[PDB]
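This document opens with one chain alone, in structure tokens, the form deposited in one PDB entry.
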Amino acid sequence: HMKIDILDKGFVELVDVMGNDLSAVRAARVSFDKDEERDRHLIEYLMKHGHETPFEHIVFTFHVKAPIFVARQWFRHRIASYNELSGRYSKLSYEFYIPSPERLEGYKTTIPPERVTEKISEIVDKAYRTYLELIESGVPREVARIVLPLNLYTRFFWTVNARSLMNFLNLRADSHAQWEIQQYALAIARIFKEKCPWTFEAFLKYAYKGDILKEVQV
């Protein structure tokens, strides 16, 4: 069971996986039926020459809890399946991402980093209180929720294949992506490396365009 905590209340949990490195080998050769040195050489060959389609036969299902600003960027990856918690089939919860003062250390600010954390905490408390007041007064949830901030946490199931997951890592596991989604991508890369060590090693060696996966050990 793999569950990695992210940010202050998030997580990336592995729900299920179909296949391993050999699923890509089996799909490339088109045979059910092996040989570590030969099959690992095939994985590297496929990656080096751009034959990425065999990697689509390795599938993962994740359960991610993330703030709406992180989820909005994540959901931009169209070649995947998503099902977000809406409150139609299960209980809806209300938590927010408050950045720690360490997040701001590095930027020259006129007010202490701690004070920024305080100001953020304060406005989300006010918006949440306003939401509850509107709910208590009979305003439908769909209307009342529009005042809630972008740091509101949401939960979703993500079903994605290894090829689309590698595209996600190229873009999100990189210093140009927002720090919050970099953290989420590191957790995805960690679970991916655990289930597909050969594919992950070949990806870093031949196809990976980002920077943080070659520096940070997953």
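Each residue number is its position in the shown sequence, starting from 1. Residues that one form lacks are left out of the comparison. Each form is matched to the other, and the largest set of C-alpha atoms that superpose within 1.5 Å is called the rigid core.
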Missing residues, deposited sequence, between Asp33 and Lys34 (class: none, 1 to 3, 4 to 9, 10 or more):
1 to 3
On average, which has the higher Cα B-factor in the deposited entry, 55 to 63 or 35 to 43?
35 to 43
Could you settle it for me: does 103 to 111 or 119 to 127 have the higher average Cα B factor in the PDB entry?
103 to 111
Quick check for you: using the entry's CA B-factors within this chain, is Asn83 in the lowest, middle or highest third?
middle
Please rank the C-alpha B-factors of the chain's modelled residues and tell me whether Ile4 sits in the lowest, middle or highest third.
middle
Of the three thirds of its chain by CA temperature factor, lowest, middle or highest, which one includes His176?
highest
Hey, what third does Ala71 fall into on Cα B-factor, ranked over its chain?
lowest
Name the third of the chain's ranked CA B-factors that contains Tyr97, choosing lowest, middle or highest.
lowest
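The next section is about a form of this same protein that is not shown, the form deposited in another entry.
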Among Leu92, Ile123, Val147, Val139, the C-alpha that moves by 2 angstroms or more between this form and the one not shown, rigid core fixed, is that of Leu92
Do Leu92 and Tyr128 have their C-alpha atoms closer or farther apart in the other form than here, with the shift being 3 angstroms or more?
closer
Distance change of 3 Å or more between the C-alpha atoms of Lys91 and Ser121 in the other form: closer or farther compared with this structure?
closer
Listed in sequence order, the shifted stretches between this form and the one not shown (at least 3 consecutive residues, every Cα moved by 2 Å or more, rigid core superposed) come to 30 to 33, 87 to 94
